[PDB]
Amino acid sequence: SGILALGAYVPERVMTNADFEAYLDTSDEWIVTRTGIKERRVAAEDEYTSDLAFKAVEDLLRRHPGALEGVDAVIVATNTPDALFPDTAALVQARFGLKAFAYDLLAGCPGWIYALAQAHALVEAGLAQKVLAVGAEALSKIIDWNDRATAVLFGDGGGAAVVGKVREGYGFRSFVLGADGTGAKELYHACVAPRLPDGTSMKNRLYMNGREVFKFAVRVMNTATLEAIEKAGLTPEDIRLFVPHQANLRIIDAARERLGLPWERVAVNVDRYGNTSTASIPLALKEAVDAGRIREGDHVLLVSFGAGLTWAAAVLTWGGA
């Protein structure tokens, strides 16, 4: 299978590092050099994850008319769903009046790649002809605006792609997916439980152990990437563009170097949207497609890390639609 259509969306309201210097013990430099982020988008007051998801699919439809035709499944990779139930995928299914099964997938930042793999399996096993895989997050709704550490890191967003059968030679070539819950204390936000299996208590706000998360991303992003490229039957030199989770520029930087890569073969936008979690990669792919950095026939590598701990990577030969 492969990606037949793509679209993405970011809320209209922008928030500059300046906006953060206006009320928090932090500078634009602290931010620009520690994370690489300059601005990020924030969802309107009454704009939630489902809305970001709806808007991302509308964009998909503007760019690819009639693309939802044949779609039998909607998977929304998110970690900030509107409700425990109904799931956000069911809301998306309704909005576009699809005859399809639907569910939300929670697996941290790597949720979208996880959804692509799941979509692939569904299409390949014949349970669905096409699958609408959405990556959508409204982190501004669970973020502690006062917490210096978090506040400047996350941005809101939505992305989507339709996965389906593609021409001989194109599509997904490999997937590397993994998890390690012993590192559950390193990144989290409770919901129904007040503590984790190891005993690490949870508070009513987003918590992150950046130092370890950094150590993780760097090593994981690298192993996974090579494993995927390798599992795909290629080599780094065969990859037209690497598209990593947009969490931190240093991390992306650090991971590129570790791979002998020029910034031209790496997608970046964390500077303009911050960490949009699951929407990160689809937001980036969209810009690359539109700039022509990604074209039918290219080998693209996707890789992500996040809460769980979870990590994933994929190699997709673009196009074949």
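Counting begins at 1, following the sequence as shown.
Selected stretch [higher average CA B-factor]: 189 to 197 or 119 to 127: The deposited B-factors put 189 to 197 ahead on the C-alpha mean.
Average Cα temperature factor in the PDB entry - higher stretch of 42 to 50, 28 to 36: Looking at the recorded C-alpha B-factors, 28 to 36 comes out higher on average.
Most elevated Cα B-factor in the entry, residues 69, 287, 58, 257: Within the set 69, 287, 58, 257, 257 shows the top C-alpha B-factor.
Among 138, 149, 176, 166 - the residue whose C-alpha B-factor is largest in the record: The listed residue with the largest C-alpha B-factor is 149.
Modelled-residue ranking by C-alpha temperature factor, third containing residue 265: Within its chain, residue 265 is a highest-third residue by C-alpha B-factor, going by the deposited values.
Chain-relative CA temperature factor third for residue 237: For residue 237, the deposited C-alpha B-factor lands in the highest third.
Record-listed C-alpha B factor of residue 74: chain third: Lowest third.
Ranked C-alpha temperature factor of residue 107 among modelled chain residues, by third: For residue 107, whose C-alpha B-factor we compare with every modelled residue in the chain, the answer is the lowest third.
For residue 161, the third of its chain into which the C-alpha B factor falls: For residue 161, the deposited C-alpha B-factor lands in the lowest third.
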